[PDB]
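Chemist: So that we are looking at the same thing, I have put the structure below in structure tokens.
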Amino acid sequence: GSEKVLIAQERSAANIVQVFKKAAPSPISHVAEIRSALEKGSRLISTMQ
Amino acid sequence: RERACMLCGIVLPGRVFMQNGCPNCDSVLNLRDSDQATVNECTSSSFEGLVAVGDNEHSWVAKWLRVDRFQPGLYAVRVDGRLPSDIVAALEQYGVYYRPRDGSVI
Amino acid sequence: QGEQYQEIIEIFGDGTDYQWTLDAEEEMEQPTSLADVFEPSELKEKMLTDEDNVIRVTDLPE
Amino acid sequence: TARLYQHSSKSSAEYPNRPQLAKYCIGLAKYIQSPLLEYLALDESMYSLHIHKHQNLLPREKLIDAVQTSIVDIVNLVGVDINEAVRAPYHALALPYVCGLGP
Amino acid sequence: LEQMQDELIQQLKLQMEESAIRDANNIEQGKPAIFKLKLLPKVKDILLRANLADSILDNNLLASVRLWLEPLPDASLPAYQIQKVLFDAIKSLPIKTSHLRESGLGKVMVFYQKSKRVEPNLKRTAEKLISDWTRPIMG
Amino acid sequence: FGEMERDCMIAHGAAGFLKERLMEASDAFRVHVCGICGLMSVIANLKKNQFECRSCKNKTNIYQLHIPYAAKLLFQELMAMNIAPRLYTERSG
Amino acid sequence: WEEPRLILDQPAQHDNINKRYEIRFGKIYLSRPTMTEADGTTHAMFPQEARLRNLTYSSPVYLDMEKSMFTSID
Amino acid sequence: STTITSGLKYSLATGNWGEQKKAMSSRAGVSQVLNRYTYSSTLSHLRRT
Amino acid sequence: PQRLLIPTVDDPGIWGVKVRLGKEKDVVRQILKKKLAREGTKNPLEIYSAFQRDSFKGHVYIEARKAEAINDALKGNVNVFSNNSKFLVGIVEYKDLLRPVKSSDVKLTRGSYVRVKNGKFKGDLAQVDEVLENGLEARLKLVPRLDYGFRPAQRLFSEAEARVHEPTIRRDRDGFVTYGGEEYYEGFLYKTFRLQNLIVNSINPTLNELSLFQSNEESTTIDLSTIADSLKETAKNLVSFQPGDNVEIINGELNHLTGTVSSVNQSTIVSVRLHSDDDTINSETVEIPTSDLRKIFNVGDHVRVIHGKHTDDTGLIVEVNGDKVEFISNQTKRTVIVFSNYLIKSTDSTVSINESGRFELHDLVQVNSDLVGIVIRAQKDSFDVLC
Amino acid sequence: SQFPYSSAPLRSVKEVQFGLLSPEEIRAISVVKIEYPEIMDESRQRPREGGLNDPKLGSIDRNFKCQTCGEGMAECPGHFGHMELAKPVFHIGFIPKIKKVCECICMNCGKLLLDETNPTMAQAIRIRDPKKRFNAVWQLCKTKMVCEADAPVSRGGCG
Amino acid sequence: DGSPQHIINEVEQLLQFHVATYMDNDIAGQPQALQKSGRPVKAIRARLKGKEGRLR
Ligand SMILES: [Zn+2]
Ligand SMILES: [Zn+2]
Ligand SMILES: [Zn+2]
Ligand SMILES: [Zn+2]
């Protein structure tokens, strides 16, 4: 008997390469991360850096 | 329904004990050729410590329970009840000594 | 084996060196007077004392 | 005697499933049926009753002795049925007060 | 070095025997055993010293340990402190079959195991020690 | 009456108002303490007028304090964690 | 249909008989929302009734399950 | 059927978008009570992210 | 023999694996079935024995020689957890894994007095007249609880009242009476009860029930062996010690010595500082078992009763007649004789009278028909009233 | 004047002395021993004696009174019980401190690995503050990894 | 009754865990003690810390 509304959740897109700069107190200077999702069902599977 | 044979320590169903007898103790007890009273006096349905033995000859557990000369199957560490005096005397007539498995004798 | 059995007997003993001590311990472990079974203040209420038997056996009105 | 009977543990054991007012009614009926035995059932509580106006001036042993001699007199006047006293513990209360006998 | 330790341990052995004799005589004279309790701290400190274990086994101090553990003829057990200290020392030292043969502590150990006035924890430790000592004989 | 309001009342210098706010307008409680062990283990029967700290085995050196109920709860929770907060009514040096 | 096949196998030896038990999921069937009363009757539900009686506006989902009994002797 | 029924009902009723036993460390506020103070507020709540 | 069978290094190892509760026997039977089925094949189950114990819940022990044999045995089973929760059993533990239990009591002895766990006679003491050979039940001698037409109080079976309230009594022998389907022998019920309905240890006997049971033997409490054993058990368990208590030693080399309890650790080791004419001995603390300690009660000490009819009575000791101690009470202000096992040295009474009588403090109580007063002081079984 | 009269004098707190509770103190201040896990007697009110809701621990009910002090719910502060453990366990808050003390002393003969003969140890002794004193002593004796049977003359060390 | 050392170690570690999580349920490097609902147990330590704690 209570009216409930679903709020849209904002997420980052999958299957795109994103390159970022790690900060100074770290041996890593740059990282290239991609998150992979199958087209059928649109569900996250694995992350590779 | 399962009962534990007091003498050899094997565990088999009570109807199996009545119809076919104990496969090991039949040489001295004649459990198959015995009435229900003798079966109850030598096989007890109240027991503890189910034991399954695969190889009697090399199992230290079988030697510790003195069941290394018997047929593999279900065995009980402790069996409630002891053999009657007449059956004990009959076994002593055959030259076989009966060691109780009730735990009270050690 | 017999030789190691004799060695075990020599090292650990047959118990006869202290079997008499064990028998004495079991004798002293084993042991009626109503004065020690219940409290005198409970004996008196239950008329179980000697004085109640004296009153009950004497040929006089209580 | 009913007001002391209703609180007595003997009455509570006798009638575990009954309230206090039922025990009061049973005490009243028992008092009607036999006043003497109802007075005897009080045991030590019968010295606390209103016997005399100046009963507090006597020593406790004197009051107990007077009450006991009165009970002995009245019980021996009435008499005790020995078989009933042997069977029914309620009627055996008057047996210690029989002439020549005691607790 | 080792000879001085052997001499000190032999002197301790003589003192322990003298204290045991004195306590037995006092018990026969109606007095409590106090000398063993007085000597107990020094014996405990010596036994807790790990490097003296070889000298103890060479001088056969376990015989006097058995003598202290031996119940007196009046069927009275020794004080619980003595039994606890000696059991802890036995655990702390590597007793072998040869040392047991020299001392004959197995008889007293079997007596302690079979007795009922002894504490059950001491009974279990005695059972464990008997099992450990029977272990090398059969393999 | 939060912490910042407490600091403002400290800055005003009004100690009596702060004490009244935090005790009379709130959880004011009365406890008894042993004068020896300093613990809140006194068993007081006020209408029977008998006080006793069974541990210290004393009946005469016992005082009463007015403390917040939350302070009593804090001391009991500390005692549950094997800490012993002992409240004494005199200084030592 | 992501995981349309549950499979259970049992190499029974008690004459070796390798038995596979498997169930398949088929079609999904949906209906309009319905309300089931305590007395056992049913009727079509509307949102105002669900709001007034504190019900949930929901519909049953049906799935076709097909069972097969595979057996191989080897 | 109680598994799916209760899971969907719980997640929509409480807003925790996961299993009920997994409520700790799960996304919350995905479902909210619809605002009905005025018509414009209802529209805004229905178009929120 | 039995001693020679103790394990060696070359004996096959034993591994224990955690399984789901209640499925241990199922795993044992499955292992036996697989061992029998794979026997005589190219790859038989190379194990030797497997078992489990009821007391050691959640554990299944298999005797083998290789871990791969254990993995093969557990293969194809669902009761085994996902993780390989296997451990190597120590060789010393091999004898302990098969040691028996419940040995304390070879069997139930006929004539002993036991308590009933449940039923209409819950808590009533019963004599074990007969022990059934099966061991699951036993015929017992009980005190009947009937109302004759929420349970009635126990009382000896009255045949006359039973006939008056119910004339359908049956008779089979002399002294053996059957009323309402229950067999009563000379006023005592004889009814079979299961083994799971009885307490055979820590039995607390009462003088009333003891007298009621031994009254029919024409000799009051003629039997006193089990009663004496119950006395010994109650005396041993009721003794609790505190620091500073003066104690005396019964056994050991330190027999007949006085000392003060310094500290208490657990409930079986008590450190005692002995008192003697030698100063060097008085500065030593000795840990002594509680089984060889007897409390020392000096004349003129405040002591509070632990247990008995005179429970929570305090006062000053007057006479110490060894085991029996006499003291003038504080509440009743009269001499009371209680055994020394029931006394604790408590310097203050601090008795609370709450949850007693029917009268709060300062109640206006009607004494009798024309007397009234106010309760001034309250006691466990008496009151002080100001008229 | 909102509290019932008490003959105990009214004072204020001048000092708070902290410390640990000893097992003797825990047993002495207790009023009952807790040994029964079951909260309720027979699910018919009247909670079981020796349980976690024993009536001697205090009353939290309007109509019931505490069986220890006899006071009502408003006045009773509550009373402590104790629970004997079968085996000793670590206090979770003191485990690193137990570790540091174990480092500081000798596991066989309960003595510090170093004595006052070392001047640094004497200086570590001199500081009055217990925390800093412990810190200094620990910083010294942590290095020392062997008990000394004789003086670095026997210091009682077991070696 | 009977003492296999492994079972003693298991049950005594369970007792140690219960006594430790009764006082501190925020122990780093180990799982928290949980309620039947899945919420973590509220220990004595958590009653005394934070804005909503006893002190603040
Ligand atoms: Zn057989
Ligand atoms: Zn104090
Ligand atoms: Zn209270
Ligand atoms: Zn050292």
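By convention in this document, the chains of the structure tokens carry letters A, B, ... by their order, each chain's residues are numbered from 1, and ligands are numbered from 1 in the order they are shown.
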Throw together the list of residues within 9 Å of ligand 1, counting only C-alpha atoms and all ligand atoms, and drop it here as a PyMOL selection string.

Modeler: chain B and resi 4-11+21-26+29+31+42-43+70

Chemist: Would you output that residue set with N, CA and C atoms, as an mmCIF file, in the first residue's frame?

Modeler:
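File produced: part23.cif:
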data_model
loop_
_atom_site.group_PDB
_atom_site.id
_atom_site.type_symbol
_atom_site.label_atom_id
_atom_site.label_comp_id
_atom_site.auth_asym_id
_atom_site.auth_seq_id
_atom_site.Cartn_x
_atom_site.Cartn_y
_atom_site.Cartn_z
ATOM 1 N N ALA B 4 24.014 -54.644 17.718
ATOM 2 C CA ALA B 4 25.452 -54.874 17.780
ATOM 3 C C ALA B 4 25.710 -56.188 18.509
ATOM 4 N N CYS B 5 26.343 -57.133 17.813
ATOM 5 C CA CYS B 5 26.690 -58.423 18.401
ATOM 6 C C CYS B 5 27.720 -58.227 19.506
ATOM 7 N N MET B 6 27.403 -58.717 20.713
ATOM 8 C CA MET B 6 28.249 -58.461 21.875
ATOM 9 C C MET B 6 29.616 -59.120 21.746
ATOM 10 N N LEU B 7 29.663 -60.347 21.224
ATOM 11 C CA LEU B 7 30.905 -61.115 21.223
ATOM 12 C C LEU B 7 31.912 -60.568 20.212
ATOM 13 N N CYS B 8 31.575 -60.610 18.923
ATOM 14 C CA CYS B 8 32.534 -60.192 17.904
ATOM 15 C C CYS B 8 32.551 -58.685 17.680
ATOM 16 N N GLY B 9 31.483 -57.977 18.037
ATOM 17 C CA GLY B 9 31.422 -56.543 17.838
ATOM 18 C C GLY B 9 30.816 -56.065 16.537
ATOM 19 N N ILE B 10 30.405 -56.969 15.640
ATOM 20 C CA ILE B 10 29.812 -56.539 14.377
ATOM 21 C C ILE B 10 28.411 -55.979 14.623
ATOM 22 N N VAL B 11 27.968 -55.105 13.720
ATOM 23 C CA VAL B 11 26.650 -54.482 13.784
ATOM 24 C C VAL B 11 25.889 -54.846 12.518
ATOM 25 N N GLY B 21 21.895 -65.033 11.222
ATOM 26 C CA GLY B 21 22.878 -65.143 12.276
ATOM 27 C C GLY B 21 24.114 -64.297 12.030
ATOM 28 N N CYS B 22 24.978 -64.285 13.038
ATOM 29 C CA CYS B 22 26.224 -63.536 12.967
ATOM 30 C C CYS B 22 27.203 -64.280 12.068
ATOM 31 N N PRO B 23 27.736 -63.645 11.013
ATOM 32 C CA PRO B 23 28.647 -64.357 10.100
ATOM 33 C C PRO B 23 29.960 -64.793 10.734
ATOM 34 N N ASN B 24 30.366 -64.187 11.847
ATOM 35 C CA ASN B 24 31.620 -64.529 12.505
ATOM 36 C C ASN B 24 31.433 -65.404 13.733
ATOM 37 N N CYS B 25 30.437 -65.106 14.562
ATOM 38 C CA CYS B 25 30.216 -65.812 15.819
ATOM 39 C C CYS B 25 29.386 -67.081 15.663
ATOM 40 N N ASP B 26 28.971 -67.427 14.440
ATOM 41 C CA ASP B 26 28.147 -68.615 14.224
ATOM 42 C C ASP B 26 28.877 -69.914 14.542
ATOM 43 N N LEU B 29 28.449 -69.380 18.752
ATOM 44 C CA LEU B 29 27.224 -68.908 19.384
ATOM 45 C C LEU B 29 25.963 -69.551 18.824
ATOM 46 N N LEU B 31 23.862 -68.214 16.608
ATOM 47 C CA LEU B 31 22.844 -67.175 16.753
ATOM 48 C C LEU B 31 21.663 -67.404 15.817
ATOM 49 N N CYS B 42 22.930 -61.694 23.030
ATOM 50 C CA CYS B 42 24.208 -61.576 22.342
ATOM 51 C C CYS B 42 24.274 -60.438 21.333
ATOM 52 N N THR B 43 23.136 -59.884 20.911
ATOM 53 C CA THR B 43 23.106 -58.714 20.038
ATOM 54 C C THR B 43 22.246 -57.645 20.695
ATOM 55 N N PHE B 70 37.819 -60.937 11.708
ATOM 56 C CA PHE B 70 36.387 -61.036 11.454
ATOM 57 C C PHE B 70 36.031 -60.440 10.094
#

Chemist: Write out as a PDB file with N, CA and C atoms, in the first residue's frame which residues come within 6 Å of segment 24-33 of chain J when counting only C-alpha atoms, dropping same-chain ones fewer than 2 positions away.

Modeler:
ATOM      1  N   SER F  55      33.029  -6.883  50.495  1.00  0.00           N
ATOM      2  CA  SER F  55      34.428  -7.107  50.137  1.00  0.00           C
ATOM      3  C   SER F  55      35.378  -6.569  51.205  1.00  0.00           C
TER       4      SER F  55
ATOM      5  N   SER J  22      41.149  -7.519  40.432  1.00  0.00           N
ATOM      6  CA  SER J  22      41.730  -8.818  40.723  1.00  0.00           C
ATOM      7  C   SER J  22      40.628  -9.866  40.818  1.00  0.00           C
ATOM      8  N   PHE J  80      26.665  -6.752  40.933  1.00  0.00           N
ATOM      9  CA  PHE J  80      27.462  -7.557  40.026  1.00  0.00           C
ATOM     10  C   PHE J  80      27.473  -9.019  40.448  1.00  0.00           C
ATOM     11  N   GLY J  81      27.581  -9.900  39.453  1.00  0.00           N
ATOM     12  CA  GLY J  81      27.865 -11.297  39.666  1.00  0.00           C
ATOM     13  C   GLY J  81      29.164 -11.659  38.971  1.00  0.00           C
ATOM     14  N   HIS J  82      29.567 -12.914  39.140  1.00  0.00           N
ATOM     15  CA  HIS J  82      30.792 -13.393  38.521  1.00  0.00           C
ATOM     16  C   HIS J  82      30.536 -14.719  37.826  1.00  0.00           C
ATOM     17  N   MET J  83      31.487 -15.100  36.975  1.00  0.00           N
ATOM     18  CA  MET J  83      31.361 -16.298  36.150  1.00  0.00           C
ATOM     19  C   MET J  83      32.756 -16.904  36.012  1.00  0.00           C
TER      20      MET J  83
END

Chemist: Neighbouring residues of residue 4 of chain K were defined as those with any atom within 7 Å, considering only C-alpha atoms; residues of the same chain fewer than 3 positions away were excluded. Please report them as number ranges by chain.

Modeler: I: 93, 96; K: 7-8

Chemist: Using only C-alpha atoms and all ligand atoms, find each protein or nucleic acid residue lying at most 9 Å from ligand 2; present the set as a list in words.

Modeler: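 Checking only C-alpha atoms and all ligand atoms against ligand 2 at 9 Å gives residues 33, 34, 35, 36, 37, 38, 39, 40, 41, 42, 52, 53, 54, 55, 56, 57, 58, 61 and 62 of chain F; 29 of chain J.
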
Chemist: Would you kindly report the residues of chain B within 8 Å of chain I, using only C-alpha atoms, as a list in words?

Modeler: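 On the chain B side, the interface is residues 48, 49, 50, 51, 52, 53, 54, 55, 56, 58, 59, 60, 61, 62, 63, 64, 73, 77, 78, 80, 81, 102, 103 and 104 of chain B.
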
Chemist: For chain C against chain E, with a cut-off of 7 Å and counting only C-alpha atoms, what is the closest atom pair and its distance in Å to one decimal for every residue that makes the cut, ordered by chain and number, as a Markdown table?

Modeler:
| residue | atom | partner | partner_atom | distance |
| --- | --- | --- | --- | --- |
| C:11 | CA | E:101 | CA | 5.3 |
| C:12 | CA | E:106 | CA | 3.8 |
| C:13 | CA | E:107 | CA | 4.8 |
| C:15 | CA | E:107 | CA | 6.4 |
| C:18 | CA | E:111 | CA | 6.1 |
| C:21 | CA | E:75 | CA | 6.2 |
| C:22 | CA | E:115 | CA | 6.4 |
| C:24 | CA | E:75 | CA | 6.8 |
| C:25 | CA | E:75 | CA | 6.9 |

Chemist: How about saving the chosen residues, N, CA, C and O atoms kept, as a PDB file, in the first residue's frame?

Modeler:
ATOM      1  N   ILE C  11      61.682 -51.472  33.919  1.00  0.00           N
ATOM      2  CA  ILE C  11      61.602 -50.012  33.982  1.00  0.00           C
ATOM      3  C   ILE C  11      60.377 -49.559  34.774  1.00  0.00           C
ATOM      4  O   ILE C  11      60.475 -48.708  35.664  1.00  0.00           O
ATOM      5  N   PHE C  12      59.209 -50.133  34.481  1.00  0.00           N
ATOM      6  CA  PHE C  12      57.953 -49.623  35.014  1.00  0.00           C
ATOM      7  C   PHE C  12      57.420 -50.405  36.207  1.00  0.00           C
ATOM      8  O   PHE C  12      56.486 -49.935  36.865  1.00  0.00           O
ATOM      9  N   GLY C  13      57.971 -51.575  36.501  1.00  0.00           N
ATOM     10  CA  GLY C  13      57.518 -52.371  37.620  1.00  0.00           C
ATOM     11  C   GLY C  13      56.197 -53.073  37.353  1.00  0.00           C
ATOM     12  O   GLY C  13      55.394 -52.679  36.511  1.00  0.00           O
ATOM     13  N   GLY C  15      54.020 -53.238  39.750  1.00  0.00           N
ATOM     14  CA  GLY C  15      53.120 -52.597  40.674  1.00  0.00           C
ATOM     15  C   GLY C  15      53.217 -53.102  42.099  1.00  0.00           C
ATOM     16  O   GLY C  15      52.753 -52.417  43.015  1.00  0.00           O
ATOM     17  N   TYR C  18      54.224 -50.977  45.048  1.00  0.00           N
ATOM     18  CA  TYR C  18      53.254 -50.067  45.643  1.00  0.00           C
ATOM     19  C   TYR C  18      51.827 -50.608  45.594  1.00  0.00           C
ATOM     20  O   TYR C  18      50.880 -49.841  45.837  1.00  0.00           O
ATOM     21  N   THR C  21      50.512 -50.209  49.026  1.00  0.00           N
ATOM     22  CA  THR C  21      50.112 -48.821  49.241  1.00  0.00           C
ATOM     23  C   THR C  21      48.750 -48.536  48.619  1.00  0.00           C
ATOM     24  O   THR C  21      47.925 -47.832  49.208  1.00  0.00           O
ATOM     25  N   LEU C  22      48.516 -49.059  47.410  1.00  0.00           N
ATOM     26  CA  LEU C  22      47.212 -48.899  46.761  1.00  0.00           C
ATOM     27  C   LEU C  22      46.104 -49.578  47.561  1.00  0.00           C
ATOM     28  O   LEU C  22      44.999 -49.034  47.690  1.00  0.00           O
ATOM     29  N   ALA C  24      46.149 -50.123  50.828  1.00  0.00           N
ATOM     30  CA  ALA C  24      45.947 -49.305  52.021  1.00  0.00           C
ATOM     31  C   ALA C  24      45.135 -48.054  51.705  1.00  0.00           C
ATOM     32  O   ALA C  24      44.278 -47.643  52.499  1.00  0.00           O
ATOM     33  N   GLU C  25      45.396 -47.434  50.551  1.00  0.00           N
ATOM     34  CA  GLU C  25      44.623 -46.271  50.117  1.00  0.00           C
ATOM     35  C   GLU C  25      43.155 -46.622  49.907  1.00  0.00           C
ATOM     36  O   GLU C  25      42.265 -45.871  50.326  1.00  0.00           O
TER      37      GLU C  25
END

Chemist: Contacts from chain E to chain J, 8 Å maximum, only C-alpha atoms: show me the residue list as a list in words.

Modeler: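 Therefore, the residues near the partner are residues 45, 46, 48, 49, 50 and 51 of chain E.
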
Chemist: Print the selection's residues with N, CA, C and O atoms to a file, as a PDB file, in the first residue's frame.

Modeler:
ATOM      1  N   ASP E  45      64.846 -24.204  41.474  1.00  0.00           N
ATOM      2  CA  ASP E  45      65.721 -23.330  40.694  1.00  0.00           C
ATOM      3  C   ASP E  45      66.790 -24.123  39.952  1.00  0.00           C
ATOM      4  O   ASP E  45      67.134 -23.794  38.810  1.00  0.00           O
ATOM      5  N   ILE E  46      67.348 -25.153  40.598  1.00  0.00           N
ATOM      6  CA  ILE E  46      68.346 -25.993  39.939  1.00  0.00           C
ATOM      7  C   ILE E  46      67.721 -26.779  38.786  1.00  0.00           C
ATOM      8  O   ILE E  46      68.302 -26.867  37.697  1.00  0.00           O
ATOM      9  N   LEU E  48      64.978 -26.092  37.025  1.00  0.00           N
ATOM     10  CA  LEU E  48      64.584 -25.204  35.932  1.00  0.00           C
ATOM     11  C   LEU E  48      65.762 -24.782  35.063  1.00  0.00           C
ATOM     12  O   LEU E  48      65.549 -24.329  33.932  1.00  0.00           O
ATOM     13  N   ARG E  49      66.990 -24.914  35.558  1.00  0.00           N
ATOM     14  CA  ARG E  49      68.170 -24.549  34.783  1.00  0.00           C
ATOM     15  C   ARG E  49      68.395 -25.598  33.696  1.00  0.00           C
ATOM     16  O   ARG E  49      68.641 -26.770  33.996  1.00  0.00           O
ATOM     17  N   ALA E  50      68.293 -25.169  32.434  1.00  0.00           N
ATOM     18  CA  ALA E  50      68.256 -26.109  31.315  1.00  0.00           C
ATOM     19  C   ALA E  50      69.608 -26.769  31.066  1.00  0.00           C
ATOM     20  O   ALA E  50      69.670 -27.974  30.790  1.00  0.00           O
ATOM     21  N   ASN E  51      70.701 -26.004  31.142  1.00  0.00           N
ATOM     22  CA  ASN E  51      72.023 -26.528  30.800  1.00  0.00           C
ATOM     23  C   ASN E  51      72.544 -27.574  31.780  1.00  0.00           C
ATOM     24  O   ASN E  51      73.517 -28.266  31.457  1.00  0.00           O
TER      25      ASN E  51
END

Chemist: Tell me, in Å to one decimal, how far atom CA of residue 89 of chain J is from atom CA of residue 12 of chain K.

Modeler: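 Separation of atom CA of residue 89 of chain J and atom CA of residue 12 of chain K: 8.8 Å.
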
Chemist: Pull the strand (DSSP E) assignments for segment 2-66 of chain F out of DSSP run on the backbone, and list those residues as an MDAnalysis selection string.

Modeler: chainID F and resid 28:34 62:66

Chemist: Output N, CA and C atoms of each residue in that selection to a file, as a JSON list (two decimals), in the first residue's frame.

Modeler:
[["chain", "number", "residue", "atom", "x", "y", "z"],
["F", 28, "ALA", "N", 19.96, 13.02, 37.50],
["F", 28, "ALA", "CA", 20.59, 13.11, 38.82],
["F", 28, "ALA", "C", 20.36, 11.81, 39.57],
["F", 29, "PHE", "N", 21.43, 11.26, 40.13],
["F", 29, "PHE", "CA", 21.37, 9.96, 40.79],
["F", 29, "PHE", "C", 22.21, 10.01, 42.06],
["F", 30, "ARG", "N", 21.86, 9.17, 43.02],
["F", 30, "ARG", "CA", 22.56, 9.06, 44.29],
["F", 30, "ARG", "C", 23.09, 7.65, 44.45],
["F", 31, "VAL", "N", 24.38, 7.53, 44.77],
["F", 31, "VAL", "CA", 25.04, 6.24, 44.97],
["F", 31, "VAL", "C", 25.77, 6.27, 46.30],
["F", 32, "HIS", "N", 26.12, 5.09, 46.79],
["F", 32, "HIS", "CA", 26.93, 4.92, 47.98],
["F", 32, "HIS", "C", 28.26, 4.29, 47.60],
["F", 33, "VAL", "N", 29.34, 4.75, 48.21],
["F", 33, "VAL", "CA", 30.68, 4.26, 47.92],
["F", 33, "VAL", "C", 31.37, 3.88, 49.21],
["F", 34, "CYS", "N", 32.12, 2.78, 49.17],
["F", 34, "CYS", "CA", 32.96, 2.39, 50.29],
["F", 34, "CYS", "C", 34.09, 3.39, 50.47],
["F", 62, "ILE", "N", 31.44, 4.71, 54.93],
["F", 62, "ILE", "CA", 30.61, 4.70, 53.72],
["F", 62, "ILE", "C", 30.03, 6.09, 53.53],
["F", 63, "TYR", "N", 30.07, 6.59, 52.30],
["F", 63, "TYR", "CA", 29.61, 7.93, 51.95],
["F", 63, "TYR", "C", 28.59, 7.84, 50.83],
["F", 64, "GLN", "N", 27.87, 8.93, 50.60],
["F", 64, "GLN", "CA", 26.96, 9.03, 49.47],
["F", 64, "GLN", "C", 27.41, 10.15, 48.54],
["F", 65, "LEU", "N", 27.29, 9.92, 47.24],
["F", 65, "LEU", "CA", 27.63, 10.90, 46.23],
["F", 65, "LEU", "C", 26.43, 11.19, 45.35],
["F", 66, "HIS", "N", 26.41, 12.38, 44.77],
["F", 66, "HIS", "CA", 25.43, 12.76, 43.75],
["F", 66, "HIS", "C", 26.17, 12.84, 42.43]]

Chemist: Identify, on the basis of only C-alpha atoms, every residue whose closest approach to residue 15 of chain B does not exceed 10 Å; exclude the query and any residue fewer than 4 positions from it along the same chain; express the result as a list in words.

Modeler: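 With the cut-off at 10 Å, the set is residues 1, 2, 3, 19, 20 and 21 of chain B.
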
Chemist: Keeping C-alpha atoms for every residue in the selection just given, could you write it to a file as a PDB file, in the first residue's frame?

Modeler:
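Output file out_21.pdb is given in full below:
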ATOM      1  CA  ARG B   1      16.569 -51.397  13.288  1.00  0.00           C
ATOM      2  CA  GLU B   2      20.167 -52.486  13.911  1.00  0.00           C
ATOM      3  CA  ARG B   3      21.828 -54.457  16.707  1.00  0.00           C
ATOM      4  CA  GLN B  19      17.233 -64.999   9.848  1.00  0.00           C
ATOM      5  CA  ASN B  20      20.921 -65.579   9.034  1.00  0.00           C
ATOM      6  CA  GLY B  21      22.878 -65.143  12.276  1.00  0.00           C
TER       7      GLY B  21
END

Chemist: Which polymer residues have any atom within 6 Å of an atom of residue 27 of chain F, counting only C-alpha atoms, with same-chain residues fewer than 3 positions away left out, as a PyMOL selection string?

Modeler: chain F and resi 23+68-69

Chemist: Keeping only C-alpha atoms, write those residues as a PDB file, in the first residue's frame.

Modeler:
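Written file, out-v5.pdb:
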ATOM      1  CA  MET F  23      22.363  17.317  36.986  1.00  0.00           C
ATOM      2  CA  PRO F  68      24.947  11.600  36.817  1.00  0.00           C
ATOM      3  CA  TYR F  69      23.277   8.287  36.048  1.00  0.00           C
TER       4      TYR F  69
END

Chemist: By how many Å are atom CA of residue 175 of chain I and atom CA of residue 145 of chain I apart?

Modeler: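 Going from atom CA of residue 175 of chain I over to atom CA of residue 145 of chain I covers 18.8 Å.
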
Chemist: Find the residues of chain G in contact range of chain I, meaning any atom within 10 Å when counting only C-alpha atoms, and list them as a list in words.

Modeler: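 Every residue meeting the condition is included here: residues 10, 13 and 14 of chain G.
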
Chemist: If you count only C-alpha atoms, which residues fall within 12 Å of residue 6 of chain F, apart from same-chain ones fewer than 4 positions away, as an MDAnalysis selection string?

Modeler: (chainID F and resid 1:2 10:15 17:19 21:22) or (chainID K and resid 56)
